[PDB]
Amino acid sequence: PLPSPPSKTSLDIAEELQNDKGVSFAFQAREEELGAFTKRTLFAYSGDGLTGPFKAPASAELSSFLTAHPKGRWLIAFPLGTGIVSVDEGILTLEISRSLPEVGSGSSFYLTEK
């Protein structure tokens, strides 16, 4: 009874990153298009604790997705703190508000008509 515009998933990729200390993250990058809008979502998960910023090489494809954000960085909520994800010259950085004894999972999206 309420109508919808057409929609599709135009990107859905995942990648595992690991830093020099053996901490590992999985990231998923998703793009949905719906009508005039595009939504890009970053999902992040680690089983590990994190005692400082997480830095690791990212693929060209993930790097492209991450750099597209209108602010060049992704504010992300995890259960025990906040992070910021950004990429520079193919290196992902996740900066954190506080040490995280468990990172858990979170997501960050932007949704635009541009």
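Throughout, we count residues from 1 along the sequence that is shown.
Annotation for 63-71 versus 33-41: the higher mean temperature factor (C-alpha) is found in 63-71.
Two stretches are in play, 43-51 and 84-92, and the higher mean C-alpha B-factor belongs to 84-92.
Between the residues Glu16, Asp20, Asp12, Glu102, the entry's highest C-alpha temperature factor is the one at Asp20. The deposited CA B-factor of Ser108 belongs to the lowest third of values across its chain.
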